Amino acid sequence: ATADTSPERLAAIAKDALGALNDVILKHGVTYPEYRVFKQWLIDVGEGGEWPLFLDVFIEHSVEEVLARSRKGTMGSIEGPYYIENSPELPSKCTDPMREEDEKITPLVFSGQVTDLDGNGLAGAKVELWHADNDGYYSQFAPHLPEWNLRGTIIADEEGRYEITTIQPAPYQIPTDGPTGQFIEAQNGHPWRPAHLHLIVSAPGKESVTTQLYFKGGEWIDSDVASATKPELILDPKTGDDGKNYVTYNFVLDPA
């Protein structure tokens, strides 16, 4: 990973970041014993491989909040740590790869169109979708799952349209047996995200959007540990006589 950043830019960032953390220590009167526990917890986070996990929960939302300022199209949200590139391409009407156990779950039929800022349908558009199974696992981050379970890249039709069938996502618990869990448990926090879809939607000439979609009424919608849910990203699916949940949502991309 490389950035553009000038020494002068880094210096300024570092100075208020360090200055703010130091202000918090003074404000709360952080003690030597607390400093020692903090130092061991940092070490533990690294040893536990939880930097991506911790940062995406507690920091990423601010970085997307920045990116949001320059965007006029559909609201973005955090990526989180479980995106994988090159998920297998699928037709504009399709179902995600899934296991026999996933076929037990109420299906979700997600339809819509990828457009520009004026609502024109975009040719060449792609919808990359990934999400957790009903057990709260992501493929490629769970040894028992086939590697593309609930992952694909949907090739939208000539008008930018898609119809994607998957399983209805369920609330997502952040892994709690590590340092991050310890940190949340230790302040009587709630290690939970509302049920969600992750998406990256892209089109030639357009800026891709990384976002997430949630479900009206869902548990943890008003208390996402990642602070990443937005009102604009809440779906209200309707259940059909086939027992499936149907919902349409359009993507609106900014120019590149």
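All residue numbers refer to positions in the sequence shown, first residue = 1.
Per the entry, higher mean C-alpha B factor between 23 to 31 and 189 to 197: Mean CA B-factor is higher for 23 to 31.
Entry-level comparison of average CA B-factors, 99 to 107 and 164 to 172, reporting the higher stretch: In the deposited entry, the stretch with the higher C-alpha B-factor mean is 99 to 107.
Would you mind checking which of 94, 114, 142, 132 has the top Cα temperature factor in the PDB entry? Within the set 94, 114, 142, 132, 142 shows the top C-alpha B-factor.
Given 79, 147, 159, 128, the residue at which the Cα B factor reaches its maximum: In the PDB entry, the greatest C-alpha B-factor among 79, 147, 159, 128 is found at 159.
Going by what the PDB entry lists, where does residue 47 fall on CA B-factor within its chain: lowest, middle or highest third? Tercile = middle for this residue's CA B-factor.
Sorting the chain's modelled residues by C-alpha B-factor, tell me whether residue 179 ends up in the lowest, middle or highest third. Middle third of the chain for residue 179's C-alpha B-factor.
Among the modelled residues of its chain, does the C-alpha B-factor of residue 17 lie in the lowest, middle or highest third? It falls in the top third of the chain.
Ranking every modelled residue in this chain by its Cα temperature factor as given in the entry, which third contains residue 62? Its C-alpha B-factor belongs to the lowest third of this chain's values.
Record-listed C-alpha B factor of residue 119: chain third: Its C-alpha B-factor belongs to the middle third of this chain's values.
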